[PDB]
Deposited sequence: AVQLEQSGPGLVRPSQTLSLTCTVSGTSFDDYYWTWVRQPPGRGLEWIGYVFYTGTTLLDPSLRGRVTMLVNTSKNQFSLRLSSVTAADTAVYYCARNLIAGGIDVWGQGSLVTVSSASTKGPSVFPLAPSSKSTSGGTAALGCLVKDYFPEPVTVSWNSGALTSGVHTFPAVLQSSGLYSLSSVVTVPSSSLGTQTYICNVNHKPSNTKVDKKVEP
């Protein structure tokens, strides 16, 4: 249908420029105010601004001076560049479709941007051997998020990925577990695919009993 997808760095150092792009599909590009909205962790929604394909643009006055919005009609993309970020700019950033009159009706999935001086670290993945529950422990990574799928997305039935814990080390760990029929523990293979886009690390780990 109309599909909007964000893309950009997941970790940005203080004082640098956050840059994010949204690719639009399933809609005309020229009749909408292409929007960015952000939501800081545990806080409400904050409008950032919009851009129309002609270049008409407006932005939130409290971010005046830091926002540049870019449109690229040939790619059906639009971008946000937010300069001089501080920790305060850590948030989920959504690109969205504003109908001009009618509200913001289609939202992307959101991309989490963490602004930090700490370096990325990809996860160590350990198997959690076994209905039986089996899983993967995705240990000590930074920043969030990590994506975990099972059997390259083939297994969705009974998968539960838990919220990560922020440990005293400053690093995160999470666990993903899938509940399986006991008959299968030998006949079926269970692979967790862990993708940590901030450190560009993908790990595949087979879990055996």
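- Taken in order along the deposited sequence, the one stretch absent from the coordinates is 131-138.
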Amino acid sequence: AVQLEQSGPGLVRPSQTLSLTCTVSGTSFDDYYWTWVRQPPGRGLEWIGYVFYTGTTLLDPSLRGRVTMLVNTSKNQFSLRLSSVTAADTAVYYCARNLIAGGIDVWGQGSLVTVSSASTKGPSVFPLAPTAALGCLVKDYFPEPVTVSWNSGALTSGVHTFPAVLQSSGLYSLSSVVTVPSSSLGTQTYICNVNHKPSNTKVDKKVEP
From here on, numbers count along this sequence of modelled residues.
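- The PDB entry reports B-factors from which the mean C-alpha value can be compared for 185-193 and 6-14; the larger average falls on 185-193.
- Look at the C-alpha B-factors of 136-144 and of 164-172. On average they run higher in 164-172.
- Across 65, 44, 55, 49, the greatest Cα temperature factor reported in the deposited entry is at 65.
- Taking only the listed residues 116, 83, 111, 74, the entry reports the highest CA temperature factor at 74.
- The entry lists a Cα temperature factor for residue 21 that places it in the lowest third of the chain's modelled residues.
- Among the modelled residues of its chain, residue 104 has a C-alpha B-factor that falls in the lowest third according to the deposited record.
- Residue-level temperature factors show residue 88 in the middle third of its chain, judged at the C-alpha atom.
- Sorting the modelled residues of the chain by their CA temperature factor places residue 131 in the highest third.
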